[PDB]
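> turn this into a structure:
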Amino acid sequence: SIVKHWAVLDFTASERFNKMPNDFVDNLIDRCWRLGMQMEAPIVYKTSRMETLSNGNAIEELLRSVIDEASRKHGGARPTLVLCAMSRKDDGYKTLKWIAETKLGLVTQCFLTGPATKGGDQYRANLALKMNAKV
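Numbering: from 1, shown residues only. Please see the structure below:
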C-alpha cells in the first residue's frame, strides 16, 4: 500500500532556468496522498546534468549508483520507482527507461519542470495520476 523505497533523479539542478523547486517533491507527495497513494520520502535524491542523457554508459552507471546509494544509506533498500525531472525533452530518456526497466528491474517516470511549475496545477495532477498507476 505504501511506496517505501523510491528515488529522484534531478537533471535540472545545474540548469538555473527551470530548476525543480525545493518544495516540489514534498508537494507532489502531498498530492499523491490526497489521491489515496502514500509515499515515504525518496530514499535517494541525486542530481545529474542533462548532458548525461546523451551517453548510454553514463546513464547505466548513474542508475546503478542510485541503487548503490540507496543500499548504503537505507540498510539495503532497493528503489522501485525512479522519478526523473528534466528541463526539456531529451530522447536520451528512452535509453534510460530501457536500461532502468528491462535491465535493472525499476519503474521510471519522466517529467518537465517547465510545465510542472508556474501555472502547472493540471500538469502536476496528471503526473500524480501516472505515478499512482505505475506504482
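> list the buried residues of the helix or strand encompassing residue 93.
Using DSSP states H and E, residue 93 maps to helix 92-98. Going by neighbour count (16 or more other CB atoms under 10 Å), the buried part of helix 92-98 is 92, 93, 95, 96, 97. C-betas here are computed from N, CA, C, even on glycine.
> report all helices and strands that the biggest helix by length in the chain contacts.
Ordering each helix of the chain by length in residues (DSSP state H) puts helix 56-73 first. Contacts defined by 3 or more CB pairs under 8 Å, 6 or more residues apart in numbering; DSSP states H and E place helix 56-73 against strand 6-10, strand 44-47, helix 92-98.
> looking at these, which is closest to residue 60?
Nearest to residue 60 among these is helix 92-98; the distance by CB to CB comes to 8.7 Å.
> after the closest one comes which helix or strand?
Counting by DSSP H and E, the next helix or strand C-terminal to helix 92-98 is strand 107-112.
> of all residues in the chain, which one is nearest the centre?
Nearest residue to the geometric centre of the chain (CA atoms, centre = their mean): residue 83, 1.5 Å.
> I appreciate the help and will end here.
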